[PDB]
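Listed next as structure tokens is one chain, alone, in the form deposited in one PDB entry.
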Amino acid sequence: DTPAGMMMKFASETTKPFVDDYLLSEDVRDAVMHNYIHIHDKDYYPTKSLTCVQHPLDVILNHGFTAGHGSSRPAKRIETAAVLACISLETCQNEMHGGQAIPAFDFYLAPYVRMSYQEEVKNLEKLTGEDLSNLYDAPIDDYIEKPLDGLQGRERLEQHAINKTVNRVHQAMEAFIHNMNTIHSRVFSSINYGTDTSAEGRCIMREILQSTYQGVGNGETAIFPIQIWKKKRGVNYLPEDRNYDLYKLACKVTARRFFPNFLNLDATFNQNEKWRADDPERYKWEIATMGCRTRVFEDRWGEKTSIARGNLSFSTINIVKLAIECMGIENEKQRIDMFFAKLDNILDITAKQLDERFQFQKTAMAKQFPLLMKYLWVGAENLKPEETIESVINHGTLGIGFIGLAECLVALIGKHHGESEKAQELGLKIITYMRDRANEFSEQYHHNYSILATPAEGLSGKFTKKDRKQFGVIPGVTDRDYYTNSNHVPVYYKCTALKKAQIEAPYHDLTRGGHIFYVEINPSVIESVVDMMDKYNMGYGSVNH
């Protein structure tokens, strides 16, 4: 109970009551206290703050940032480039109410391994006068480390120059892990890597994979940052691929430290038509994600990219409450036919909730978000510091959620989708109907809408605690607490690894906002999980304990 916690707690409790009675609609706020819709991050509504963003780190490292009275200059070393990444992540956090992500962590910091190598290559000609003017552009397969025991030539001062760069990058990544793990006040951070096939890129991947195995402190396991591995055929999946070595190392780390996660880049819906293996800027047309299971890929009025975009707001739905309210009728054809009428009126209600906040997030000032509306958003750099930022906000995304499929799969047929085949077919109808209605609203409201599988990181037992107080204790529904996740097989049901994958697989295509796959337990038991993610279309996956 620090003073910082007691200050934000007061702020949170004095802002939500004002939001409900002065900033919402009588039609929408009616369902926000009736166990139908949960408006995420309601305490930050009066501040016109967006949720999360993928940082375009190339615009800050090349030309410095000038926020407030603090002015910086272009970086020239690995040490100063890694720190500026933390500064950007810790500064934009005070302007947005969600998480911060770095897409293409390998791509972004790759050039500054080269610059730090040229600095050493001219601090060794000072002691030893030599015209070493060719190591600037010398191709290097990778930067490796080995004993300097036996060498009597230029290589002994060449391999040593590589030898001291890895440690100067080794400490730079160890400081990155500790610095993002020391939350003093009261910071959610995520990094994705794996798709860069160069010497500079591969140096970053190994040196942060070996610092998440030793741990923080006296051997403790770190919690932040959240690390994600990007898997693509032809690069790092098959044994013949270039980065197969670094794929078989991340599975060893996950067997003792439970990181990183795995992102399936084939996925039949993560593909793009302007991705080439020879493009220096090919990282634009690749999917990146955060630890909150958020996807921002497509665009109805722009190019298909994820950099410099993000989420604006999202809300969660209670599909269990509708199903429980539909009991009593005997015939099964009418209970199911009444469920979809109770879902149409809440999807339309949710859609107006997002639009009413889109207008409020408009008419803002670019100076309310320093370092965001000047360097981080797509349409910035074309606005005076006060000119009503409106022509850059249309590229964001809006989300609609749901929770508790298994419980609503036992309120109409009696058995959930882990012990019945009739229960699995009805599960794809209660989801594919929601996906279709998002396209109608996006054309109607002139925006981007999507369907989300909510992480339930702040909604663990809010719905079931109040559902018990209304209807009672119903066997199999309100008798366990802790509603199951989006569509997962219940944790109290004995199921094998394979049978769990065949059931949760089809739903990932329908939900374009986010999804995950969880397995609870040698690295062989970890690679077999990733194999299940290729035999079917998965997208995201995680193994923990």
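Between two forms, the rigid core is defined as the largest C-alpha subset superposing within 1.5 Å. Sequential numbering from 1, following the sequence displayed.
The next section is about a form of this same protein that is not shown, the form deposited in another entry.
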Of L124, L265, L383, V83, the residue whose C-alpha shifts by 2 Å or more between the shown form and the other one, after superposition on the rigid core, is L383
Exceeds or equals 2 Å, Cα of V28 between the shown form and the other one, core fit:
yes
Once you line up the core, how about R437: does its CA shift reach 2 Å between the shown form and the other one?
yes
Q) Is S198 one of the residues whose Cα moves 2 Å or more between the shown form and the other one, with the core superposed? A) no
